[PDB]
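Following: one structure in structure tokens, then a few remarks.
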Amino acid sequence: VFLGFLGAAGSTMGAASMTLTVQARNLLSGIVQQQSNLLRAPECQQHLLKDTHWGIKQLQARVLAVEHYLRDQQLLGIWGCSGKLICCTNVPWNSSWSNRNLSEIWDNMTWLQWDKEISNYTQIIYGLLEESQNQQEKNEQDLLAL
Amino acid sequence: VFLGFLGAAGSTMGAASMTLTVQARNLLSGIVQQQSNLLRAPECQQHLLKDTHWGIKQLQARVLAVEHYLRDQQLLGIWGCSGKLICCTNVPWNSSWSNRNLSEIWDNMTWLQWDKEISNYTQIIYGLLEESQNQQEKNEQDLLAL
Amino acid sequence: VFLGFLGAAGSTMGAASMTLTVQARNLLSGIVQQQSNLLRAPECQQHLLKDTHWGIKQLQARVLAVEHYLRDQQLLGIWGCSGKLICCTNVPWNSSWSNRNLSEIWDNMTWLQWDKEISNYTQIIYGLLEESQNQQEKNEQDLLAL
Amino acid sequence: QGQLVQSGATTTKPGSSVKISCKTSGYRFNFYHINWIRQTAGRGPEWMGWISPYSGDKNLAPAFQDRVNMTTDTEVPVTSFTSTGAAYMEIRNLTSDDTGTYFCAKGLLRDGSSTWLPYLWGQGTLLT
Amino acid sequence: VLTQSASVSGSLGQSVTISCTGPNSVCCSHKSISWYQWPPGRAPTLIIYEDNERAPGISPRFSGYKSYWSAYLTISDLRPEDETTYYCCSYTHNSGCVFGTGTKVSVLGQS
Ligand SMILES: *[C@@H]1O[C@H](CO)[C@@H](O[C@@H]2O[C@H](CO)[C@@H](O[C@@H]3O[C@H](CO[C@H]4O[C@H](CO[C@H]5O[C@H](CO)[C@@H](O)[C@H](O)[C@@H]5O)[C@@H](O)[C@H](O[C@H]5O[C@H](CO)[C@@H](O)[C@H](O)[C@@H]5O)[C@@H]4O)[C@@H](O)[C@H](O[C@H]4O[C@H](CO)[C@@H](O)[C@H](O)[C@@H]4O)[C@@H]3O)[C@H](O)[C@H]2NC(C)=O)[C@H](O)[C@H]1NC(C)=O
Ligand SMILES: *[C@@H]1O[C@H](CO)[C@@H](O[C@@H]2O[C@H](CO)[C@@H](O[C@@H]3O[C@H](CO[C@H]4O[C@H](CO[C@H]5O[C@H](CO)[C@@H](O)[C@H](O)[C@@H]5O)[C@@H](O)[C@H](O[C@H]5O[C@H](CO)[C@@H](O)[C@H](O)[C@@H]5O)[C@@H]4O)[C@@H](O)[C@H](O[C@H]4O[C@H](CO)[C@@H](O)[C@H](O)[C@@H]4O)[C@@H]3O)[C@H](O)[C@H]2NC(C)=O)[C@H](O)[C@H]1NC(C)=O
Ligand SMILES: *[C@@H]1O[C@H](CO)[C@@H](O[C@@H]2O[C@H](CO)[C@@H](O[C@@H]3O[C@H](CO[C@H]4O[C@H](CO[C@H]5O[C@H](CO)[C@@H](O)[C@H](O)[C@@H]5O)[C@@H](O)[C@H](O[C@H]5O[C@H](CO)[C@@H](O)[C@H](O)[C@@H]5O)[C@@H]4O)[C@@H](O)[C@H](O[C@H]4O[C@H](CO)[C@@H](O)[C@H](O)[C@@H]4O)[C@@H]3O)[C@H](O)[C@H]2NC(C)=O)[C@H](O)[C@H]1NC(C)=O
Ligand SMILES: *[C@@H]1O[C@H](CO)[C@@H](O)[C@H](O)[C@H]1NC(C)=O
Ligand SMILES: *[C@@H]1O[C@H](CO)[C@@H](O)[C@H](O)[C@H]1NC(C)=O
Ligand SMILES: *[C@@H]1O[C@H](CO)[C@@H](O)[C@H](O)[C@H]1NC(C)=O
């Protein structure tokens, strides 16, 4: 049985990592009903968008949502993890970020307080994540210049 | 020789499966000409978008198209099939959906009447598709908690 | 040390191919600040979008940017290279396109003058790129009809 | 596609200093190096030195290490991928054995191992 | 320093090979070998860009080959314009070109 959207937000990181598809779905099934415009097709043409800037304003909100999706898919793309929800990398874990052991992290902490504890070094980790790939780019570069 | 956009819609499922790139292209080359705004750049500035809500209305139509693309790419993403056009999964085929044999399906049926015959159980198959991955998520979970 | 956005535009093709992540980032960190709407959330509500079509006009510009991103990710998708920045294909290199050897290309030319020299045959190469996959589609087709 | 024009030839008695000018066109003058080589009449021709128009770093043969001064004029843009420049070569002490044919050349590739290797030559000049 | 092999010729149509070698300080191993066609008192031309590859626009009849001690350059399908003087060189990335002594003689078939 599945706890529902964001159900494991108070669960251990391992339990939420088991239901990450659940959190992944609310990125799409909020935006499937709005792009549908099936219940919007007939109601006063296109919900009277003439002299109603809330209609455009509403539309701009829909744009922000798909724009955020594109930000996350871009990050998964430049880290070579586009197709997968869980991917391992080559970046070693610098201990200065967090000193907690594996058992304490995955069976004693929630993703919220973890993201709060590591929000300080997120940019650095992303930099290593954008950098580390670059050594794969370079190995492919060796295969390119023969 | 290539039958053209949606050319194999009346062909056997195997023949259309050979030209799925053709149907894939009309998702992009309708929207390349509109994002181009090259023939739109000079014609009365931005096609007079002041006091013309059809211009915004037009724009909202363009938004719906890229929004639908994002729905399909999200589904390919959460099924771990982002990079490929044909991917095999772990979900076994429950016979209650269709009792037809392989030869009758791929060399006697078109994709239209197939999609019509299985539209009843599409949501269930998607649920198994979102669920089955979750066992891969769990195998990666075993590799995570060591 | 990293030359910066588009820094290796005058460098040899090999050097730019080493810093393609740098050029890849300006697709996302221009559009992260605009979708943020954090500095836009409070300034006169939504930057007064009533009786200001520049606001909508501005929004349409943001749409064109994410639309172009979707064009490139679609092309990487239909070439089976979604997850990777460097991918090798099955298409052989027809010599009529360029007669230059590998050393002269990667250690003597920049990406600009290369793209200018090959802009003539880009569509043909894309056609082979959309076609060649189709033989992979067909191998998967052999595995489908058993 | 490029061209390397060289200055007019002149004969000067030994003891004085001189200057050779090598004008470029048909490529990006800052992309390829500039080499100066002499063909000795009666012996084997010898490479003399090379200098980068962009980096400005110069490396000469030990046979002309403290006897040659090189200078590269700033390139003049022509096309999006073509510039024009001037390369200058100088000798401090002149002698009768300095007689021979001289040439200026450009680089082959921009990077790699064969970067400063002479590829495209000038018409040449004659001496005393 | 580098001593180019003695001058050898041959009638048109056959193949001719010239070698280049020197001391272990400038031997052909661990160094890059270049070959040039140099008419006397005229503008030279580059043939081989490295010991195993060619320059842009070089006919494939001009092939190269380098051993752990000496290097060679072969010219197949001889033609009238092949009568010229040739020189070799040794170079690296931070050094300079060290020219060989030279091979000048080349003959025509049936004159
Ligand atoms: C919100 O936060 C709270 C934190 O407080 C969190 O509660 C934790 O929940 C997780 C699981 O979701 C627990 O983690 C696992 O718990 C396993 C134990 O579960 C069984 O045993 C419980 C204890 O029963 C004891 O007492 C009875 C007598 O009453 C006795 O017979 C038993 O033998 C045992 O000594 C029990 O409470 C539990 O619940 C059911 O059963 C009881 C009756 O036993 C019934 O009264 C309940 O109403 C309910 O029906 C169940 O029986 C534990 O074993 C496991 O450790 C390893 O063992 C299992 C094998 O059993 C492995 O499969 C597993 O992978 C482990 O390797 C693990 O510790 C955790 O203990 C809770 N922590 C608490 C309660 O403090 C919530 O889940 C959070 N919720 C969200 C949504 O985030
Ligand atoms: C729309 O729907 C229709 C359904 O009606 C569909 O038509 C089907 O088309 C598919 C292919 O697109 C056919 O499937 C394959 O057909 C292979 C046979 O093709 C050859 O043989 C045909 C029969 O010729 C017989 O008669 C002549 C005498 O006239 C005789 O000499 C022959 O030996 C043979 O006995 C023939 O019609 C066909 O067409 C060309 O040739 C004839 C002359 O022969 C000419 O008149 C035509 O104008 C045309 O030029 C061709 O010659 C069949 O063999 C194959 O089965 C296996 O064999 C081949 C090896 O040959 C394998 O490669 C293959 O993979 C198979 O394993 C297969 O059955 C199918 O038969 C059609 N069904 C019909 C017509 O009812 C349309 O394609 C659909 N279109 C779209 C866009 O969806
Ligand atoms: C814009 O375009 C220009 C094109 O003009 C381009 O310049 C090229 O830059 C690339 C690299 O970015 C060069 O490619 C490599 O260069 C390697 C050589 O680098 C060293 O050697 C240089 C020559 O020094 C000679 O002279 C000194 C005496 O002054 C002597 O001691 C040396 O032994 C040598 O003979 C040198 O200029 C260079 O720069 C530093 O050092 C000098 C002092 O030596 C100092 O004055 C400078 O200010 C600076 O601090 C450096 O020392 C070359 O070796 C390499 O070839 C192979 O070798 C290396 C191993 O060393 C391998 O690792 C490599 O992978 C290769 O296999 C390769 O050729 C290229 O030569 C330039 N071309 C020029 C200048 O014409 C710019 O980079 C472009 N910029 C952009 C952003 O696009
Ligand atoms: C992590 O980086 C810090 C400096 O940023 C360094 O002091 C520390 O030793 C590093 N930890 C490692 C390499 O484990
Ligand atoms: C498919 O599921 C139905 C119930 O939903 C079940 O009755 C049937 O046996 C299943 N078929 C299989 C497992 O092959
Ligand atoms: C490339 O294609 C042209 C015709 O488009 C052909 O003439 C040429 O031989 C081809 N080159 C190959 C196959 O190497």
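Chain labels A, B, ... are given in the sequence in which chains occur in the structure tokens; within each chain residues are numbered consecutively from 1, and ligands are likewise numbered from 1 in the order shown.
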
Contacts of chain E with chain D up to 12 Å, shortest pair per row, only C-alpha atoms, as CSV:
```
residue,atom,partner,partner_atom,distance
E:1,CA,D:44,CA,9.9
E:2,CA,D:44,CA,10.1
E:3,CA,D:44,CA,10.2
E:4,CA,D:44,CA,10.5
E:31,CA,D:113,CA,10.4
E:32,CA,D:113,CA,8.5
E:33,CA,D:114,CA,10.2
E:34,CA,D:117,CA,8.8
E:35,CA,D:117,CA,11.0
E:36,CA,D:119,CA,9.6
E:37,CA,D:119,CA,11.5
E:38,CA,D:39,CA,10.0
E:39,CA,D:39,CA,11.0
E:40,CA,D:39,CA,8.9
E:41,CA,D:101,CA,6.8
E:42,CA,D:123,CA,7.1
E:43,CA,D:123,CA,5.7
E:44,CA,D:121,CA,6.8
E:45,CA,D:119,CA,7.2
E:46,CA,D:119,CA,5.9
E:47,CA,D:119,CA,9.3
E:48,CA,D:119,CA,10.3
E:49,CA,D:114,CA,7.3
E:50,CA,D:114,CA,7.5
E:51,CA,D:114,CA,11.0
E:53,CA,D:114,CA,11.2
E:54,CA,D:108,CA,11.2
E:55,CA,D:108,CA,8.3
E:56,CA,D:108,CA,9.3
E:57,CA,D:119,CA,11.7
E:85,CA,D:44,CA,11.6
E:86,CA,D:44,CA,11.2
E:87,CA,D:45,CA,9.0
E:88,CA,D:45,CA,10.8
E:89,CA,D:47,CA,9.6
E:90,CA,D:117,CA,10.4
E:91,CA,D:117,CA,8.4
E:92,CA,D:113,CA,6.5
E:93,CA,D:113,CA,5.3
E:94,CA,D:59,CA,8.3
E:95,CA,D:59,CA,7.9
E:96,CA,D:61,CA,6.7
E:97,CA,D:47,CA,5.8
E:98,CA,D:47,CA,6.7
E:99,CA,D:46,CA,6.1
E:100,CA,D:44,CA,7.2
E:101,CA,D:44,CA,5.3
E:102,CA,D:44,CA,7.2
E:103,CA,D:44,CA,10.7
E:104,CA,D:44,CA,11.5
```

Selection within 6 Å of ligand 5 by only C-alpha atoms and all ligand atoms, output as a PyMOL selection string: chain B and resi 94-96

List as a PDB file with N, CA, C and O atoms, in the first residue's frame the protein and nucleic acid residues lying within 12 Å of ligand 6, with only C-alpha atoms and all ligand atoms counted.
```
ATOM      1  N   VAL C  91      26.375   5.619 -38.111  1.00  0.00           N
ATOM      2  CA  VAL C  91      26.425   6.269 -39.418  1.00  0.00           C
ATOM      3  C   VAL C  91      27.877   6.441 -39.846  1.00  0.00           C
ATOM      4  O   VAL C  91      28.657   7.085 -39.130  1.00  0.00           O
ATOM      5  N   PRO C  92      28.290   5.889 -40.984  1.00  0.00           N
ATOM      6  CA  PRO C  92      29.649   6.142 -41.464  1.00  0.00           C
ATOM      7  C   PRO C  92      29.763   7.540 -42.052  1.00  0.00           C
ATOM      8  O   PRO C  92      28.792   8.122 -42.540  1.00  0.00           O
ATOM      9  N   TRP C  93      30.978   8.077 -41.991  1.00  0.00           N
ATOM     10  CA  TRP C  93      31.258   9.446 -42.415  1.00  0.00           C
ATOM     11  C   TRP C  93      31.529   9.498 -43.917  1.00  0.00           C
ATOM     12  O   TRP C  93      32.601   9.085 -44.372  1.00  0.00           O
ATOM     13  N   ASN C  94      30.565   9.997 -44.689  1.00  0.00           N
ATOM     14  CA  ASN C  94      30.788  10.186 -46.118  1.00  0.00           C
ATOM     15  C   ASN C  94      31.783  11.315 -46.364  1.00  0.00           C
ATOM     16  O   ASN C  94      31.632  12.425 -45.842  1.00  0.00           O
ATOM     17  N   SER C  95      32.806  11.016 -47.171  1.00  0.00           N
ATOM     18  CA  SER C  95      33.944  11.908 -47.361  1.00  0.00           C
ATOM     19  C   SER C  95      33.576  13.169 -48.135  1.00  0.00           C
ATOM     20  O   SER C  95      34.306  14.163 -48.056  1.00  0.00           O
ATOM     21  N   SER C  96      32.466  13.148 -48.880  1.00  0.00           N
ATOM     22  CA  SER C  96      32.040  14.315 -49.646  1.00  0.00           C
ATOM     23  C   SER C  96      31.716  15.500 -48.750  1.00  0.00           C
ATOM     24  O   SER C  96      31.782  16.647 -49.206  1.00  0.00           O
ATOM     25  N   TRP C  97      31.364  15.247 -47.492  1.00  0.00           N
ATOM     26  CA  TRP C  97      31.031  16.325 -46.569  1.00  0.00           C
ATOM     27  C   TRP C  97      32.268  17.161 -46.256  1.00  0.00           C
ATOM     28  O   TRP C  97      32.272  18.383 -46.445  1.00  0.00           O
ATOM     29  N   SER C  98      33.331  16.519 -45.772  1.00  0.00           N
ATOM     30  CA  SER C  98      34.606  17.197 -45.581  1.00  0.00           C
ATOM     31  C   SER C  98      35.724  16.194 -45.828  1.00  0.00           C
ATOM     32  O   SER C  98      35.620  15.031 -45.429  1.00  0.00           O
ATOM     33  N   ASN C  99      36.789  16.650 -46.486  1.00  0.00           N
ATOM     34  CA  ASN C  99      37.935  15.806 -46.799  1.00  0.00           C
ATOM     35  C   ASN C  99      39.076  15.939 -45.797  1.00  0.00           C
ATOM     36  O   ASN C  99      40.130  15.326 -45.996  1.00  0.00           O
ATOM     37  N   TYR C 121      25.455  20.192 -45.459  1.00  0.00           N
ATOM     38  CA  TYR C 121      25.064  18.785 -45.423  1.00  0.00           C
ATOM     39  C   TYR C 121      24.472  18.371 -44.078  1.00  0.00           C
ATOM     40  O   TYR C 121      24.282  17.174 -43.836  1.00  0.00           O
ATOM     41  N   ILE C 124      21.263  16.328 -44.436  1.00  0.00           N
ATOM     42  CA  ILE C 124      21.542  14.967 -44.893  1.00  0.00           C
ATOM     43  C   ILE C 124      22.061  14.113 -43.740  1.00  0.00           C
ATOM     44  O   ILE C 124      21.651  12.955 -43.572  1.00  0.00           O
ATOM     45  N   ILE C 125      22.982  14.657 -42.940  1.00  0.00           N
ATOM     46  CA  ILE C 125      23.521  13.896 -41.816  1.00  0.00           C
ATOM     47  C   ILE C 125      22.410  13.576 -40.822  1.00  0.00           C
ATOM     48  O   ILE C 125      22.332  12.463 -40.291  1.00  0.00           O
ATOM     49  N   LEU C 128      20.416  10.665 -42.206  1.00  0.00           N
ATOM     50  CA  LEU C 128      21.065   9.396 -41.885  1.00  0.00           C
ATOM     51  C   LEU C 128      20.960   9.077 -40.393  1.00  0.00           C
ATOM     52  O   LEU C 128      20.941   7.904 -40.009  1.00  0.00           O
TER      53      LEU C 128
END
```

With 6 Å as the cut-off and only C-alpha atoms counted, what is the closest atom pair between each nearby residue of chain A and chain B? Distances in Å to one decimal, ordered by chain and number, as CSV.
```
residue,atom,partner,partner_atom,distance
A:35,CA,B:64,CA,5.4
A:50,CA,B:53,CA,5.8
A:83,CA,B:82,CA,4.9
A:84,CA,B:80,CA,5.6
```

Print the selection's residues with C-alpha atoms to a file, as a short mmCIF file (atom, residue, chain, number, x, y, z; two decimals), in the first residue's frame.
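Resulting contents of out.cif:
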```cif
data_model
loop_
_atom_site.label_atom_id
_atom_site.label_comp_id
_atom_site.auth_asym_id
_atom_site.auth_seq_id
_atom_site.Cartn_x
_atom_site.Cartn_y
_atom_site.Cartn_z
CA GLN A 35 -2.77 20.82 -20.71
CA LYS A 50 -9.97 38.60 -23.74
CA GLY A 83 16.93 7.72 -17.72
CA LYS A 84 17.32 6.54 -14.13
#
```

Spatial neighbours of residue 18 of chain D, 9 Å, only C-alpha atoms, chain gap at least 3 places, as a list in words: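 Everything that qualifies: residues 12, 89, 90, 91, 92 and 94 of chain D.
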
Convert the current residue selection to file output with N, CA, C and O atoms, as a short mmCIF file (atom, residue, chain, number, x, y, z; two decimals), in the first residue's frame.
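Produced file part_36.cif, reproduced below:
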```cif
data_model
loop_
_atom_site.label_atom_id
_atom_site.label_comp_id
_atom_site.auth_asym_id
_atom_site.auth_seq_id
_atom_site.Cartn_x
_atom_site.Cartn_y
_atom_site.Cartn_z
N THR D 12 73.66 43.97 -48.22
CA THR D 12 74.39 44.91 -47.37
C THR D 12 75.71 44.27 -46.96
O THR D 12 75.78 43.06 -46.73
N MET D 89 62.19 39.91 -38.58
CA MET D 89 63.35 39.11 -38.24
C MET D 89 64.59 40.00 -38.29
O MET D 89 64.71 40.85 -39.17
N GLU D 90 65.50 39.80 -37.33
CA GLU D 90 66.62 40.71 -37.15
C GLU D 90 67.90 39.94 -36.82
O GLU D 90 67.85 38.91 -36.15
N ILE D 91 69.03 40.46 -37.30
CA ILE D 91 70.35 39.92 -37.02
C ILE D 91 71.25 41.06 -36.54
O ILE D 91 71.20 42.16 -37.08
N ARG D 92 72.07 40.78 -35.52
CA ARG D 92 72.88 41.80 -34.87
C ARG D 92 74.24 41.98 -35.54
O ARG D 92 74.65 43.11 -35.81
N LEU D 94 76.65 40.96 -38.78
CA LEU D 94 76.66 40.44 -40.14
C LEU D 94 78.07 39.99 -40.52
O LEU D 94 79.07 40.55 -40.07
#
```

Picked from chain E by DSSP as strand (DSSP E or B), as a PyMOL selection string: chain E and resi 3-4+16-21+32-37+45-48+54+62-66+70-75+86-91+98-99+103

Environment of ligand 1 within 8 Å, counting only C-alpha atoms and all ligand atoms, reported as a PyMOL selection string: chain A and resi 3+7-12+15
